[PDB]
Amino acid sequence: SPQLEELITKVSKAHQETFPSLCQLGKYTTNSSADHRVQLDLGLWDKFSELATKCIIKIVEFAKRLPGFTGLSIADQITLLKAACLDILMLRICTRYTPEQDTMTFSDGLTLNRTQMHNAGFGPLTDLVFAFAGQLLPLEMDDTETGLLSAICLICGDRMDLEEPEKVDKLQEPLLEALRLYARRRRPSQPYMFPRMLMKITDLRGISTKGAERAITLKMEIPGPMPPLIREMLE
């Protein structure tokens, strides 16, 4: 119980210090390809891919702040990050959804409308990602819950090629305990919030599967290779 409370605060702070909240960021816009969908706008892809690389690095930084993660083998650390990074990217961008304006906001404040998200690279995946974001809103998750859910997504023992899956399982246990404790304490009249949050992990895995399929077609549309940390994530 004191150790669990410290875990909650450590994970929450790790998330916040690697992921500014929508409220914190000074939004700015772009007028590129803003009113009609096109196969790909290469100026938007260049900016989007740069922001994706930066957030991958931030997710690695987050991961290394999770209690016990750096006690896993370096191979297992890398396997877990490769398996979960796109899931966590998807959760992160969808927490930055502003429904009144139909926009998502990146960590430098760049705020793209739905058509621009399409044109930056999401392409035919755009509306499914926005629908996931829309169905995240009624859970009204806070930053602590987003951070814990992210940690649960990452630290999971089912990933292929783990050396020490039991060790990974044991690290996940307190994160699950922490999320349930926190969520019920914050909103005791809404006891389905914890199971709803865990079911979002399945949704995220589905959308990340679709994102990996989109990466294959996108590669045929861009003038060079994808950035190297994106390629690490996709392998």
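Numbering starts at 1 and runs along the sequence shown.
A.B. asks: Mean C-alpha B-factor higher for 176 to 184, or for 38 to 46?
C.D. replies: The recorded data point to 38 to 46.
A.B. asks: On mean Cα temperature factor in this entry, is 99 to 107 or 142 to 150 the higher one?
C.D. replies: Comparing averages over the C-alpha atoms only gives 99 to 107.
A.B. asks: Quick check for you: using the entry's CA B-factors within this chain, is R159 in the lowest, middle or highest third?
C.D. replies: Highest third, going by the recorded CA B-factors of the chain.
A.B. asks: Looking at the entry's B-factor column for C-alpha atoms only, identify whether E61 ranks in the lowest, middle or highest third of its chain.
C.D. replies: Its C-alpha B-factor belongs to the lowest third of this chain's values.
A.B. asks: Which third of the chain holds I207 when residues are ordered by C-alpha B factor: lowest, middle or highest?
C.D. replies: Within its chain, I207 is a highest-third residue by C-alpha B-factor, going by the deposited values.
A.B. asks: Quick check for you: using the entry's CA B-factors within this chain, is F69 in the lowest, middle or highest third?
C.D. replies: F69: CA B-factor falls in the middle third of its chain.
A.B. asks: Please place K200 in the lowest, middle or highest third of its chain according to the CA B-factor in the PDB entry.
C.D. replies: It belongs to the middle third of the chain when residues are ordered by C-alpha B-factor.
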